[PDB]
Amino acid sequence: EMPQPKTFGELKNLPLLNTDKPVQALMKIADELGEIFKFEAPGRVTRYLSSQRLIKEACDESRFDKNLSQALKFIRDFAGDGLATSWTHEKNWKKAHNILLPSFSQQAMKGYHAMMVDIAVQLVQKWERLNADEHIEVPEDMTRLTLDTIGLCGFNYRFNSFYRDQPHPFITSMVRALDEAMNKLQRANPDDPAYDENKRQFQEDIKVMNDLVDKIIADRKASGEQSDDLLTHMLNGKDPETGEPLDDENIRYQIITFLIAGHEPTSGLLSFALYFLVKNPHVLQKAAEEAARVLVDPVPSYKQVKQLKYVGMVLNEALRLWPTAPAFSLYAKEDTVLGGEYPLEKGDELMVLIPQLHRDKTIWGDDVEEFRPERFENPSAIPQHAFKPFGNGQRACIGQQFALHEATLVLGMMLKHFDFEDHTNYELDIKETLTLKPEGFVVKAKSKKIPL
């Protein structure tokens, strides 16, 4: 009874994801098959959920817990039992959860703001300093910004991305390791000697990341500056339940986890937000008007960022259309029936296909493809589990407020400081990595010539 997309013999559905854009492939499948489809691969089955109707059940934490998708399982080879790749039942998940949640308290957020502004100003300055007719490589610069922000705010580490015309080596290795991790989904015989080089490159890339992590830790140890940041909590915070701090190994995984998680989807969000803004000039103008009205100081204060309501709406609407961490996986904690209709056995896996959730016309109306920030004029109007860019429940994104604050600040500053032109009439082309990004999205920015 459950729809299932086309199969490939013994490979079952797995070749469907042998594409550069698997999330978009799954969205198309969802478009065809509806709110739920079974997806089989050799030795694996999951069910992709796309309707709020079913996802609200899936989001019942008494019935389902976070599952490590194959992607996360393979990413776990270097993210280990960091927060994102740990099972809820692993001691280190709840420990690190409890230890690191304070890093995203309101007070923490205020504390990050200055460094977020530091990086944002670097972005603005970069764009201010472009010559006539030069253009902005949007995902690239958003990723420079987000990486630097998480590095600086989180770890008091400067990736100095705006000093580089190429991504920081960490990124290069992180991108290749993520990609290798996700390529393993397709690999029938992962121990085939043909993948020895992939294994070597994987370890080399993991070593690059870990070397940077070791440097972040050593620099913090050696530091004479007082820090009270995410790393501080990693190195010193004690879990109230266990009384225990994170052990060294987990700290390292958390650093890797947060460097990755703390920058990748946010960069996508910013990129998509700017994409949608330049595609929707009335929206852009409204957002710009808000930025101009609110950001009355040379650098935004924390409170001003919080007053960028419409910018927040823009970001939420971008997350609605292109949630940059576009899926998460769940497993049935016990036998349960989904939707009154689909019996699941304990351990059965679900995938929540967030972009498709966000296109559930029964929630959003028929105009789901339109970019309408006003959908979020009162976010509380959105039904529960209808809008899930940050995942669910206690396994939701710990960094959501950081992401949104950063993105609101940055977008606000961008909108305050520049007019943007979609000079190429850019054709959305969504590159799928760990996140989604509008690949090749370029704009031209005309400074409003507002000093910092």
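Start at 1 with the first residue shown and count on from there.
**Q.** Higher-B stretch (mean Cα B-factor, as the entry records it), 78-86 or 202-210
**A.** Higher mean C-alpha B-factor in the PDB entry: 202-210.
Q) Which is higher on average in the deposited entry, the C-alpha temperature factors of 417-425 or of 57-65? A) Per the PDB record, 417-425.
Q: Please pick out which of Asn280, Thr242, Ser105, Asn98 has the largest Cα B-factor as recorded in the entry.
A: Result of the comparison over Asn280, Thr242, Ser105, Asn98: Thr242.
Q: Select one of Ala132, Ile382, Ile255, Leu274: the residue whose C-alpha shows the highest B-factor in the crystal structure entry.
A: By C-alpha B-factor in the record, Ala132 ranks first.
Q: Pull the Cα B-factor of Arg44 out of the PDB entry and bin it into the chain's lowest, middle or highest third.
A: CA B-factor rank for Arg44: highest third.
Q) Of the three thirds of its chain by CA temperature factor, lowest, middle or highest, which one includes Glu180? A) CA B-factor rank for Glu180: highest third.
Q. Sorting the chain's CA B-factors, does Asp148 end up in the lowest, middle or highest third?
A. For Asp148, the deposited C-alpha B-factor lands in the lowest third.
Q. Relative to the other modelled residues in the chain, which third contains the C-alpha temperature factor of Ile29: lowest, middle or highest?
A. Middle third by C-alpha B-factor.
Q | Modelled-residue ranking by C-alpha temperature factor, third containing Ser329 | A | Its C-alpha B-factor, which the entry lists for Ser329, ranks in the lowest third among residues of this chain.
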